[PDB]
Amino acid sequence: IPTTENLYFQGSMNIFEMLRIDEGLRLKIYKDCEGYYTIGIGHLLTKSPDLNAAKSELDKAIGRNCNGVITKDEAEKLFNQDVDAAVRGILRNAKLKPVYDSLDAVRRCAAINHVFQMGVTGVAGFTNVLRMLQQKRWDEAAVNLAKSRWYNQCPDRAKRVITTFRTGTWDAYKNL
């Protein structure tokens with residue numbers, strides 16, 4: 001039985017806290033599970049193997065000379081920008097918006113997370129999953145998500161998102 005504290009947990013979770021868990025928080029340029037230069041909270045700098053391109057993109061995104069290092073406040077501002085971009089990317093897209101609209105609040109967070117991670121065209125190409133979600137076929141959607149390269153090449157970053165699509169609860173984010 002959920003305790004009073006347990007019942008409060010869902011109000012502490014939102015898309016920012018969700019992606020923060022999946023992406024982590026790093027103040028220095030690093031390589032993600034696919035070897036792509038990344039910083040902050042899952043901000044992909046470039047797909048280039050050239051660290052110099054990544055640092056260039058960094059200074060562009062932050063607006064100062066960073067030399068590969070940012071502050072927590074800066075990470076958070078960039079993260080906020082990226083979350084907004086993912087939400088906007090869903091809402092303007094004729095394929096993703098109807099699916100998003102059909103989902104409950106927690107699965108909506110999973111959708112924004114999915115888009116943040118894969119980008120709009122990658123997600124919008126998941127024809128079967130999108131249909132399953134619209135039809136509330138949660139088990140099937142989750143099994144199909146678990147076939148994707150997105151999940152399989154980097155399972156720890158995607159696994160909680162898939163669980164959340166399956167359940168529409170925050171359970172995968174409890175007890176880290």
Side-chain angles (χ1 to χ4, degrees), residues 6 8-27 29-46 48-93 96 100 105-124 126 145-146 148-165 167 169-176:
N6 293 153
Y8 274 109
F9 181 65
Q10 73 171 269
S12 76
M13 291 300 299
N14 59 40
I15 179 67
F16 309 100
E17 300 295 337
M18 187 193 208
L19 274 163
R20 167 66 177 77
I21 287 162
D22 295 317
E23 298 286 359
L25 168 65
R26 297 289 286 285
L27 301 183
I29 288 171
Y30 72 102
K31 284 178 163 177
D32 75 4
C33 47
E34 302 184 270
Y36 295 121
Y37 294 120
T38 306
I39 204 171
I41 303 165
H43 191 81
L44 181 61
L45 285 161
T46 185
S48 178
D50 188 20
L51 182 66
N52 277 336
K55 289 175 182 178
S56 181
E57 297 275 0
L58 184 61
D59 295 347
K60 189 165 301 192
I62 308 302
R64 64 184 180 78
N65 195 324
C66 305
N67 185 48
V69 188
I70 63 174
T71 65
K72 289 184 212 56
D73 296 339
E74 285 174 334
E76 280 152 2
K77 167 172 184 177
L78 178 56
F79 181 44
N80 292 352
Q81 293 181 356
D82 289 342
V83 169
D84 184 63
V87 172
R88 293 186 292 99
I90 287 171
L91 295 174
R92 74 190 167 203
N93 185 277
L96 302 181
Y100 179 89
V106 177
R107 290 192 179 87
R108 285 182 183 185
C109 289
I112 294 164
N113 189 320
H114 195 202
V115 174
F116 181 109
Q117 301 201 34
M118 285 195 71
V120 170
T121 54
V123 175
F126 277 86
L145 278 169
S148 69
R149 178 168 313 259
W150 160 63
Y151 161 74
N152 285 288
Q153 292 302 332
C154 182
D156 287 331
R157 189 176 60 187
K159 63 195 186 182
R160 303 182 189 82
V161 177
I162 295 173
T163 303
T164 302
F165 275 124
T167 66
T169 69
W170 290 115
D171 289 3
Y173 295 85
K174 296 176 164 59
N175 310 130
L176 308 167

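Computation of the quantities below employed the complete heavy-atom set of this structure, encompassing side-chain atoms and omitting hydrogens, waters and symmetry-equivalent molecules. Count residues from 1 along the sequence.
Listed by first and then second residue, the salt bridge (charged side-chain N to carboxylate O under 4.0 Å, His left out) pairs involving residues 68-77 are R64-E74 (not counting sequence neighbours). Pairs passing the salt bridge (charged side-chain N to carboxylate O under 4.0 Å, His left out) check and including a residue from residues 106-123, sequence neighbours excluded, read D104-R107.
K31 NZ to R26 CZ: the interatomic distance, rounded to the nearest 0.5 Å, is 13.0 Å. Between atom CG of residue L44 and atom CD1 of residue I39 there is a gap of 12.0 Å, rounded to the nearest 0.5 Å. Annotation: the span from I62 atom CD1 to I70 atom CD1 amounts to 4.5 Å, rounded to 0.5 Å. One finds the CG atom of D171 at 8.5 Å from the CZ atom of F9 (value rounded to the nearest 0.5 Å). In this structure, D50 CG and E57 CD are separated by 11.0 Å, a value rounded to the nearest 0.5 Å.
Taking each heavy atom of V106 and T169 in turn, the nearest pair found is CG1-O, 3.7 Å. Looking at every heavy atom in both residues, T38 comes nearest to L45 through C-CD1, 4.1 Å. Across all their heavy atoms, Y36 and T46 have their closest contact at CB-O, 4.2 Å. The minimum heavy-atom distance between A146 and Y151, with the atom names listed, is O-CD2, 3.4 Å. Nearest heavy-atom pair, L58 versus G68, reported as atom, atom and distance to 0.1 Å: CD2-CA, 3.6 Å. Residue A124 comes nearest to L96 through the heavy atom pair CA-CD2, 3.8 Å, listed as atom of the first residue, atom of the second, then distance.
Under a 3.5 Å cut-off, the side chain of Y37 and the backbone N or O of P49 do form a donor-acceptor pair. Remark: the backbone N or O of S148 is paired with a side-chain donor or acceptor of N152 at under 3.5 angstrom.
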Steps toward side-chain contact (heavy atoms from CB on, under 4.5 Å) verdict (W170, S12): CA-CA 10 Å; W170 290 115; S12 76; over 6 Å; no
Audit row: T164, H114, side-chain contact (heavy atoms from CB on, under 4.5 Å) steps and yes/no: CA-CA 11 Å; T164 302; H114 195 202; over 6 Å; no
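Contact annotation: the side chain of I90 never approaches that of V120 to less than 4.5 Å [non-hydrogen atoms, C-beta and beyond]. When side chains are defined from C-beta on, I15 counts as touching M18, because their heavy atoms get closer than 4.5 Å. Looking only at side-chain heavy atoms (C-beta outward), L145 and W150 come within less than 4.5 Å of each other. Between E23 and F116 the shortest side-chain heavy-atom distance falls below 4.5 Å. The shortest distance between side-chain heavy atoms of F126 and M118 falls below 4.5 Å. At least one side-chain heavy atom of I29 sits under 4.5 Å from a side-chain heavy atom of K55. For the pair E17 and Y173, the minimum side-chain heavy-atom distance is 4.5 Å or more. Side-chain contact between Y100 and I112: present, with at least one pair of heavy atoms (C-beta onward) separated by less than 4.5 Å.
Qualifying side-chain contact (heavy atoms from CB on, under 4.5 Å) partners for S56, counting only residues two or more places apart in sequence or in other chains: none.
Salt bridge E34/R149: absent, no basic N to carboxylate O contact under 4.0 Å. Ion pair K159/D22 not flagged as a salt bridge, since none of the NZ, NE, NH1 or NH2 atoms sits closer than 4.0 Å to an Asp/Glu carboxylate oxygen.
The local environment of NZ in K174 is crowded, with over 12 non-hydrogen atoms from other residues, nucleotides or ligands closer than 6.0 Å.
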